[PDB]
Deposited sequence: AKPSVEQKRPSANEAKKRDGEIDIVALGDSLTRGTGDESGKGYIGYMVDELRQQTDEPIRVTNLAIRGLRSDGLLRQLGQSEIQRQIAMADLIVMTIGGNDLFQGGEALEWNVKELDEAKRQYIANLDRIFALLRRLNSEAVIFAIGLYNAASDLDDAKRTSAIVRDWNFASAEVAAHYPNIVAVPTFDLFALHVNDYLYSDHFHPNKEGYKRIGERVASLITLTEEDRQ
């Protein structure tokens, strides 16, 4: 094809919501990839802001979407944040356990479907951060976020070339310096740190 095809999937973090410019972490990733080669780099961003893990699995069932997954030389995605923060974190442990169980089951089926459509392309599964790390309930939110990130990477470890990229430590110090006005989504600087971390994991040869 003579072209580097990047397919982006998932929720608002992959759409770039909260970034002053429209770049998001994808744009800063492409900026770094263009230091390595003059080969054209094309991005197909299929992210939807309010997407959950069950919607992403259903989205990956569309024939046109599957045709673009099979052409991908590289897959980057963020999913599960909407599974966890559906309405402010739910203070019910029974609802939280069920939401995590559905999310892990959907995530495993998402990874399997992506690998059936594309056995070669590296999948970068980007983890979650704690935006409410400056509130009184920050301790409970850090524990739940880190618990979900662990289960994410455990699911990714069951498939070849699926890299769980963490972002938790990128927002550990002075979190509001890297957050949007909603204190939930990242800002321009927060997405830049995510995109530069993902790009440094990509080496074209």
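The chain's deposited sequence has unresolved stretches at 1 to 18, 106 to 107, 226 to 230, with no C-alpha coordinates there.
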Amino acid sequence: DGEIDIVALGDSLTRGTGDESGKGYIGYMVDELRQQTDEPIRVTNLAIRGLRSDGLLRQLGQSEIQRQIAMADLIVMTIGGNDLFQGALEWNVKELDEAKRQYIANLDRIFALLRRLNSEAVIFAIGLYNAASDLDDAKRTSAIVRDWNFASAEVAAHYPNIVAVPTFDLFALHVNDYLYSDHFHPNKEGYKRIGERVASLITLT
From here on, numbers count along this sequence of modelled residues.
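The stretch 132 to 140 shows the higher mean C-alpha B-factor when 33 to 41 is compared against 132 to 140 in the entry. Relative to its counterpart among 47 to 55 and 175 to 183, 175 to 183 has the higher mean temperature factor, C-alpha atoms as listed in the PDB entry. Sort the modelled residues of the chain by CA B factor and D11 lands in the lowest third. Looking at the C-alpha B-factors along this chain, the one for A70 belongs to the highest third. The PDB entry assigns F124 a C-alpha temperature factor belonging to the lowest third of its chain's modelled residues.
Among the modelled residues of its chain, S152 has a C-alpha B-factor that falls in the lowest third according to the deposited record.
Per the PDB record, residue ranking by Cα B-factor puts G18 in the middle third of the chain.
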